[PDB]
Amino acid sequence: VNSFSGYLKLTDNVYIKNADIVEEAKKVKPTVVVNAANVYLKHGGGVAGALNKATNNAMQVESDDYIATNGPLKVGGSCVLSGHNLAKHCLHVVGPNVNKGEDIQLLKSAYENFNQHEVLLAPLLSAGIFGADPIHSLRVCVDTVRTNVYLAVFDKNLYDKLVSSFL
Ligand SMILES: O=C(Nc1cccc2c1[nH]c1ncnc(NN3CCCC3=O)c12)NC1CC1
Ligand SMILES: [Cl-]
């Protein structure tokens, strides 16, 4: 039993809710919140901009030190950093950005990072400003992640479409 509330169960291990991931994280304080990161951990907009804003820019300060030490992430890769006031940990995961021409095939590799964590609160990778089809992202999530994932979808119309079209 965990404290995630109001989710629709899609499969044995995938759950979904129309919710603002920032408000979900603040309420639940999950062990792991996933950020929709880019390779430079520049948290300017989308989910990343919202999560970072909620940390009063502490996420960005920590991220800049991480990049200065380690260099950029790979598309499809991840790193574990602090969850600040939102979670114990933040798993920064880089899905491909279609608006940069990045290979959508890397979306499966991106979701594989979730399997290193027993339970996660997460957005749909490569959705939103990353330009992929959220229906495809949900399918890859279900077919790749084996650990327990609680998906927060900000847009109500999109959420209803994701549920109604789910196979
Ligand atoms: O500004 C925010 N939040 C916020 C800002 C921008 C985007 C999101 C967001 N929260 C989200 N939660 C889940 N997914 C998101 N984005 N995507 C990615 C793929 C489908 C989708 O809808 C966002 N919060 C402040 C008011 C307290
Ligand atoms: Cl977005």
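Residues numbered from 1 in each chain as written, not as in the entry; some residues may be left out. Chains lettered and ligands numbered in written order. Heavy atoms only, no water.

As summarised from the PDB record, the model derives from X-ray crystallography at a stated resolution of 0.9900 Å.

## Points about the overall build of the protein chain
Going by this rule: For the purposes of this entry, the term helix denotes a DSSP run of H or I that reaches at least four residues, the term strand denotes a run of E that reaches at least two, and both are numbered from the N terminus. For the radius of gyration, the atoms used are the C-alpha atoms, and the globule rule reads 2.2 Å times the number of residues raised to 0.38. Under the scheme applied here, a residue whose accessible area is under 20% of the maximum for its type counts as buried, over 50% as exposed, and between as partly exposed, the area being computed with a 1.4 Å probe on protein chains only.
Counting its regular elements, the protein chain contains 6 helices and 7 strands. Listing the helices and strands of the protein chain from first to last along the sequence gives β-β-α-β-α-α-β-β-α-β-α-β-α. Over its C-alpha atoms the protein chain spans a radius of gyration of 14 Å, differing by no more than 12% from the 15 Å that the globule rule assigns to 167 residues. C-alpha extents for the protein chain along the principal axes are approximately 45 × 35 × 25 Å. Residue burial in the protein chain is summarised as follows: out of 167 residues, 51% are buried.

## Let's talk about the site of ligand 1
Defined as follows: In these notes, residues near a molecule or strand are those with any non-hydrogen atom within 4 Å of it. Pairs of N or O atoms within 3.5 Å make up the polar contacts considered here, provided that, within protein, one atom can donate a hydrogen while the other can accept it, and that residues adjacent in sequence are counted only when both atoms are side-chain atoms. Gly is placed with the polar residues, together with every amino acid not listed as nonpolar (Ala, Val, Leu, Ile, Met, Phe, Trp, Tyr, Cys and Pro) or charged (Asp, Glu, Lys and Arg).
Contacts to ligand 1 come from 13 residues, most closely from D20, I21, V47, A50 and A127. For ligand 1, a nitrogen atom lies 3.0 Å from a polar atom in the backbone of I21. Of all the secondary-structure elements, those providing two or more residues to the shell around ligand 1 are α1 (21-28) and α2 (46-54). In terms of residues, the shell around ligand 1 owes the most to one element, α2, which gives 3 residues. Classifying every residue of the shell around ligand 1 gives 8 nonpolar, 2 polar and 3 charged.

## Concerning the packing of helix α5 (residues 134-144) against helix α6 (residues 156-164)
Let me state the cut-off plainly: The axes are straight lines fitted to the C-alpha atoms, using for helices just the contacting stretch, and the angles between their N-to-C directions are given from 0 to 180°. Here the angle decides the label: under 35 degrees means roughly parallel, over 145 means roughly antiparallel, 65 to 115 means roughly perpendicular, and every other value means oblique. Two helices that cross are described as forming a left-handed crossing if the nearer one is turned anticlockwise from the farther one by less than a right angle, and a right-handed crossing if clockwise. In what follows, residue pairs with any heavy atoms lying within 4.5 Å of each other are defined as contacts.
It is at 10 Å that the axes of α5 and α6 come closest, and there the two elements cross at 55°. By the angle between their axes, α5 is oblique relative to α6. As α5 runs across α6, the sense of the crossing is right-handed. Contacts between α5 and α6 involve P134, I135 and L138 from the first element and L158, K161 and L162 from the second. Classifying every residue of the contact of α5 with α6 gives 5 nonpolar, no polar and 1 charged.

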